[PDB]
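Side chains are part of it too, since the values below use all heavy atoms of this structure and drop only hydrogens, waters and symmetry mates. Chain naming here is simple, since letters A, B, ... match the order of the sequence lines and numbering starts at 1 in each.
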Amino acid sequence: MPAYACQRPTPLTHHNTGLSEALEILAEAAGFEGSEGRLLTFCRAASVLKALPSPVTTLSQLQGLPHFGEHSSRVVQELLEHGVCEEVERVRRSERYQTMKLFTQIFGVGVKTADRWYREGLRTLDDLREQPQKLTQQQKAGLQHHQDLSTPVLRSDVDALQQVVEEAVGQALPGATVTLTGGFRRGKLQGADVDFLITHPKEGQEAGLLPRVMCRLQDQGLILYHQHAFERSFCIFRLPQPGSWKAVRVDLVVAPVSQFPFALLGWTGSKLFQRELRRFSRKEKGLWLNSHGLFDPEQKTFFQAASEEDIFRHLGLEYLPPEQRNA
DNA sequence: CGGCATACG
DNA sequence: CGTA
DNA sequence: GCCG
Ligand SMILES: O=c1ccn([C@@H]2O[C@H](COP(=O)(O)NP(=O)(O)OP(=O)(O)O)[C@@H](O)[C@H]2O)c(=O)[nH]1
Ligand SMILES: [Cl-]
Ligand SMILES: [Cl-]
Ligand SMILES: [Mg+2]
Ligand SMILES: [Mg+2]
Ligand code: NA
């Protein structure tokens with residue numbers, strides 16, 4: 001078992017679901033308290049279990065696994081012995097955890113805002129609605145649309161949405177393309193949103209594209225919310241339903257075709273996979289990775305990539321398809 | 001102990 | 001600060 | 001919280 005998640009296949013479904021979900025509660029709770037290091041260890045421990053070829057049935061099977069020390073091992077031990085971990089249940093039940101979870105789920109609210117509101121005594125969505133003066137326009141939208149946005153987007157929803165985006169993109173710039181990325185590209189059957197990557201085969205033609213796309217979508221009546229030169233858009237989209245419609249989150253990003261492999265890798269995730277891949281690049285290979293490129297700071301040169309495969313090869317890593325990046 | 005991914009709106 |  |  002290698003120490004970095006980008007060094008091993010992680011499938012979407014696996015053999016240690018209950019154990020990884022318990023560790024991810026502790027990870028989440030760590031984040032709500034601002035402990036990014038603890039969050040990372042619990043996420044990595046969880047992810048290690050996702051990568052195992054069979055269920056953990058005894059504590060000894062943790063020996064030598066990376067990211068399992070005293071704390072994570074005890075969590076697993078208790079689940080194996082009793083079916084529950086007391087620390088985990090205590091977190092689940094706590095007012096702090098439940099309210100930070102509820103508040104950070106709102107589009108436009110992060111940990112810092114949730115925490116402030118929590119300290120101010122606020123606890124429910126209706127608490128927030130009563131004092132609407134204190135909300136940003138983004139948060140107002142997030143709160144109005146919260147019920148719809150809390151329902152999963154279905155894979156079976158995605159194609160219709162992609163078609164609508166393609167129509168607008170084609171008018172904005174003939175020849176421009178739309179690629180499904182994010183969780184659905186990793187094989188998820190549901191998601192919190194739909195993430196699309198846009199480019200054009202002629203380098204440079206994509207400059208100024210996203211505002212054109214957004215204005216067209218808004219003219220079609222499809223945009224319930226968006227922030228408006230830019231290259232990322234975080235929207236709320238109108239998605240048809242039987243006799244009605246629902247709000248869904250849609251992310252759009254534009255990249256030049258030279259950067260497309262880096263953007264595709266970066267947006268396809270998982271989020272933990274990308275963090276680990278970047279950490280690996282920098283700490284093991286001395287190369288700086290982001291969604292735009294891969295930089296050698298000694299030669300002061302960028303690696304040209306024509307494919308994700310190129311990028312894995314330049315990092316000396318075995319290729320992982322998107323389905324195996326579910327760290 | 002230091003480090004923990006990296007960027008855009 | 002928010003967001004991916 | 002864990003790794004190197
Ligand atoms: O903090 C982040 C968030 C997101 N991302 C990158 O952006 C991608 C989409 O970010 P996302 O929030 O849409 N998550 P996703 O994996 O699609 O699952 P879901 O919750 O169902 O939408 C993620 O999969 C990462 O590749 C980051 O790199 N860092
Ligand atoms: Cl589906
Ligand atoms: Cl980036
Ligand atoms: Mg997504
Ligand atoms: Mg997204
Ligand atoms: Na939020």
Side-chain angles (χ1 to χ4, degrees), chain A residues 1-6 23-24 26-27 29-31 33-48 62 64-69 71-76 87 103-111 113-117 135-136 138-143 149 181-183 185 191-198 210-211 214 225-226 228-236 249-255 259 262-285 287-295 315 327:
Chain A
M1 178 70 55
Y4 293 88
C6 58
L23 293 163
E24 287 180 342
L26 298 185
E33 299 317 306
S35 187
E36 195 69 10
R38 291 177 86 250
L39 171 146
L40 277 171
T41 283
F42 283 131
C43 284
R44 293 163 180 167
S47 180
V48 163
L62 296 181
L65 291 179
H67 308 291
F68 278 84
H71 200 149
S72 303
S73 292
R74 191 247 302 143
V75 172
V76 171
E87 182 187 6
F103 284 176
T104 53
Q105 270 163 11
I106 304 171
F107 181 65
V109 184
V111 171
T113 298
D115 175 67
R116 174 165 56 73
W117 290 348
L135 301 167
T136 69
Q138 182 180 50
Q139 290 164 355
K140 287 178 179 168
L143 189 55
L149 298 187
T181 183
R185 184 165 178 254
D193 71 3
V194 190
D195 310 277
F196 292 117
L197 175 59
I198 300 169
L210 197 43
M214 293 308 306
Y225 178 85
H226 77 290
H228 305 85
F230 52 102
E231 67 198 47
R232 308 184 178 174
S233 179
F234 321 122
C235 314
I236 305 177
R249 280 274 295 104
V250 181
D251 289 333
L252 304 183
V253 50
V254 169
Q259 300 177 8
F262 296 99
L264 182 60
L265 182 62
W267 277 74
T268 292
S270 71
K271 171 181 176 167
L272 181 59
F273 190 96
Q274 297 305 310
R275 297 177 76 157
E276 293 278 288
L277 187 69
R278 291 166 184 195
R279 188 168 68 97
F280 177 87
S281 186
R282 177 179 289 263
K283 302 302 180 180
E284 305 301 328
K285 299 297 169 172
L287 304 176
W288 299 348
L289 179 67
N290 59 30
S291 70
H292 306 312
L294 176 64
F295 186 71
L315 294 172

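In this structure, A:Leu294 atom CG and B:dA5 atom P are separated by 17 Å, rounded to whole Å. Distance, A:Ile106 CD1 to C:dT3 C1': 15 Å, rounded to whole Å. Atom P of nucleotide B:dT6 and atom CD of A:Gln259 are separated by 17 Å, given to the nearest angstrom. As a whole-Å value, the separation of A:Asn290 CG from C:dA4 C1' is 13 Å. Atom OH of A:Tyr4 is separated from atom P of D:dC2 by 17 Å (rounded to the nearest Å). For A:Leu265 and B:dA5, the CG to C1' distance is 12 Å, given to the nearest whole Å.
Listed pair A:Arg275 / B:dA5 meets the phosphate criterion, a side-chain N or O lying under 4.0 Å from OP1 or OP2. OP1 and OP2 of D:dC2 both lie 4.0 Å or more from every side-chain N or O belonging to A:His67. Within the 4.0 Å cut-off from OP1 or OP2 of B:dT6, at least one side-chain nitrogen or oxygen of A:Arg282 is found. Listed pair A:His226 / B:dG9 fails the phosphate criterion, with no side-chain N or O lying under 4.0 Å from OP1 or OP2.
At a threshold of 4.5 Å between non-hydrogen side-chain atoms, the residues A:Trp267 and A:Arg232 count as touching.
Among the protein residues, A:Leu289 comes within range of the sugar-phosphate backbone only, with heavy atoms under 4.0 Å from sugar or phosphate atoms but none that close to a base. Residue contacts for A:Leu272: at a heavy-atom cut-off of 4.0 Å it reaches no nucleic acid atom on any strand shown. Within the nucleic acid shown, A:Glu276 has no heavy atom closer than 4.0 Å to any nucleic acid atom. Residue A:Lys271 is in base contact, counting any heavy-atom pair closer than 4.0 Å across all strands shown.
Distance check on atom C1': B:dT6 versus D:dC2 gives 22 Å, rounded to whole Å. B:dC4 sits 23 Å from C:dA4 when the P atoms are compared, rounded to a whole Å.
DNA chain D is contacted by both A:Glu284 and A:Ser35; A:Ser35 maps to the nucleotide lying nearer its 5′ end (nearest heavy atom per residue). Both A:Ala3 and A:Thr41 lie near DNA chain D, and the one whose nearest nucleotide falls closer to the 5' end is A:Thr41.
In this structure, of B:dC4, C:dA4, B:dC8, it is B:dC8 that holds the atom nearest to the side chain of A:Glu231. When each of B:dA7, C:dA4, D:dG1 is scored by its nearest atom to the side-chain atoms of A:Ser72, the top-ranked nucleotide is D:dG1. Considering only the side chain of A:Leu40, B:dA5 comes nearest among B:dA5, B:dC8, B:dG9. Among the nucleotides C:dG2, D:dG1, B:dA7, the one closest to the side chain of A:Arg232 is B:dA7. Of the listed nucleotides (C:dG2, D:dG1, B:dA7), C:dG2 has the atom at the smallest distance from the side chain of A:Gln138. Of the listed nucleotides (C:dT3, C:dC1, D:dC2), C:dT3 has the atom at the smallest distance from the side chain of A:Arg249. For A:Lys283, the listed nucleotide lying nearest its side chain is B:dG3; candidates were C:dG2, B:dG3, D:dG1. Among the nucleotides B:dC4, D:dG4, B:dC8, the one closest to the side chain of A:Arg279 is B:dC4.
Taking all atoms of both residues into account, the shortest heavy-atom contact from A:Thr113 to A:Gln139 is CG2-NE2, 4.1 Å. For A:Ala114 against A:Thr104, the heavy-atom pair with the smallest separation is CB-CG2, 3.8 Å. The two atoms that bring A:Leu26 and A:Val75 nearest to each other are CD1-CG2, 3.6 Å, heavy atoms only.
Ring geometry, A:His226 versus A:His228: the interplanar angle falls from 30° to 60°, so the pair is classed tilted.
Ion pair A:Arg74/A:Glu87 flagged as a salt bridge, since at least one NZ, NE, NH1 or NH2 atom sits closer than 4.0 Å to an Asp/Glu carboxylate oxygen.
With hydrogens and angles ignored, a donor-acceptor pair under 3.5 angstrom links the side chain of A:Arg278 to the base of B:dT6.
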